[PDB]
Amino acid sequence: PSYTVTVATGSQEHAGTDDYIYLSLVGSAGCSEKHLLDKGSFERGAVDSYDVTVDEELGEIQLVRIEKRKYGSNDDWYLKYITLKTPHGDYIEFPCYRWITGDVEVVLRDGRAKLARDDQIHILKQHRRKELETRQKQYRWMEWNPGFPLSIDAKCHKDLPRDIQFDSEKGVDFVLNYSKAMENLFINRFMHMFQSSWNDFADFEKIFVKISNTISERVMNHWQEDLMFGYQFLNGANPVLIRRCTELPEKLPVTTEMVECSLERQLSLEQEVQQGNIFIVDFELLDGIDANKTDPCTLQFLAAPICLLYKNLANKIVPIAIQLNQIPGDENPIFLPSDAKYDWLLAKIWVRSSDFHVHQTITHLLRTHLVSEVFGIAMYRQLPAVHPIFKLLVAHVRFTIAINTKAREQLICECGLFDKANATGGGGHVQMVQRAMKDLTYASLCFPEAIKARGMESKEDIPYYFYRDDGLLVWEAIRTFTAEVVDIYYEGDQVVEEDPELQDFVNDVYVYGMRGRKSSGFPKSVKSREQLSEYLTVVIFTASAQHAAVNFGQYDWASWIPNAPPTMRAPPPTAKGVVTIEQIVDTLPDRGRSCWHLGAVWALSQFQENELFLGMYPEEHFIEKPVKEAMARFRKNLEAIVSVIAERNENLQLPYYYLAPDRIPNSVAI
């Protein structure tokens, strides 16, 4: 006449509670009494089980109610799951993975994923509708800054619902992690020297040689070469800007007689464009952006350079022309590799600095962080936990809302940590998000479509694009995985369309997240399994693979300041033959900003000791068999990719491992 109720406490630091825990089973034939549990503490990592006897036949168990009542001071409890062993020998499981504060009573369905059309009885429908009601009351949309994608309604981290907070209050913390990173890097004494320029490169080299890793040391030695400059646009930390030219821009008055020395095929520059040997990186987005004026004693400067690139006979991409500003003229020279050494070097440094600003604000912040947060909030608002898509996506939006809220509390807010080192600080980066937001499309988030639209899709013409190669693989694995999860729970396209909560989810992304602008190209609705599989792939790939590629290479390529400076303390050169090495040094970031730069890119490039990489789903929201085997196959494909990439890296001078599935986190956690 008894049930065996098993309760599992989380492994997180504060997962334990000393408060009262009541439990009541809700069955079809009736509900059970409230049973007090333990009368003691539920320690972290611990699993408790009780023999509970019921006074009347409950029939098939539908819901489990858990109730936390206070004892002493409040103590947050993290319930992982609950399993029942019924008198009829049935084993039922209830996935939770939620923080339980004394304010509310938590009610859980069984693990089996359910669409709304599957629930016909009052008890299940009541729960489902009330769950969404509480969701939409806790998770609300907000416009943090004009023209931004909508984000969560919270000023700071602690205001967030306990469920979507970090497991610790200061577990991740920009203020704390940065100063801690600057101590690990032995540069803590330099944190306040914004008026002190490095004496020469050797002065910074003395500091850098201690904290350099493999790639960065390679960067220290080879940053001045043309081959490395062009290399980063394909395999660097921000390889999303380069595109193949179909014609020379009229704002770039470059001639064959200027670049004839770099041309190696006896063709004119115009004819080289016809062969598709010419590539281009345009920073028009940076034009008009306000420079950092938050420091009255330091003048910081920006540029909007146009860089002309060329694929030589060795199939390597190298710079042949660099114009630092958008509108051509006598004071906006076109710098060439045939100019004096420091002229062509300083021109390069500026393009590198420009690449860095677009990287952090557009590629990094907007196109991965903010986009994922949108998918995350829309998921919480419109998708109940029993829904299959919730179970699939929840592992990929982990800590996303939390890390963004932290960043808006400390990093990119007015007078935030971002303002110290960056030339886009002081509001400039806000202008960039706004302007880029206008051209952020749904197709641009679809990886194969994104690569083609830049004209980089050909493996044959452009064989050394590793970001593309590995990316296309990881994308194909996730597309295959989601197509299978969708095929399990959706009989056909008609079921996908008739799903009210899925459409509500898709609609919340279009209308609120993307501000309901028609030019974004996001689906207003999803009416087929094929489309749903692509949509889910966009969500997962962005939060995992795409974010990994553009985040964890920050210390590799940017720890050597002259290769990716956060700010320039002198305006772009308007004339040739003038620039000296002493002036490049005084233009480059000071000691204070170099150190807040070094600390930042180091801290953002770290993996957690408990980091969950792609395919790792420790928390079991899905408990059904067909989806387990789906998840299984997905892990096999990923492990097949890690091998493919591993072999390829053996034949490279500088391996590309950012998109290797064992280094790709599940979500945006940093």
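Residue numbers run from 1 along the displayed sequence.
For the pair 586-594 and 300-308, the mean Cα B-factor is higher in 586-594. Checked against the record, the higher mean CA B factor of 371-379 and 159-167 lies with 159-167. Per the deposited record, 669 carries the highest C-alpha B-factor of all listed residues (5, 664, 669, 8). Comparing the C-alpha B-factors of 229, 557, 467, 190 in the entry, the top value falls on 190. In this PDB entry, the Cα temperature factor of residue 404 sits in the middle third of its chain's modelled residues. In this PDB entry, residue 129 carries a Cα temperature factor that places it within the highest third of its chain's modelled residues.
Residue-level temperature factors show residue 414 in the highest third of its chain, judged at the C-alpha atom.
When all modelled residues of the chain are sorted by CA temperature factor, residue 431 is found within the middle third.
Sort the modelled residues of the chain by CA B factor and residue 288 lands in the lowest third.
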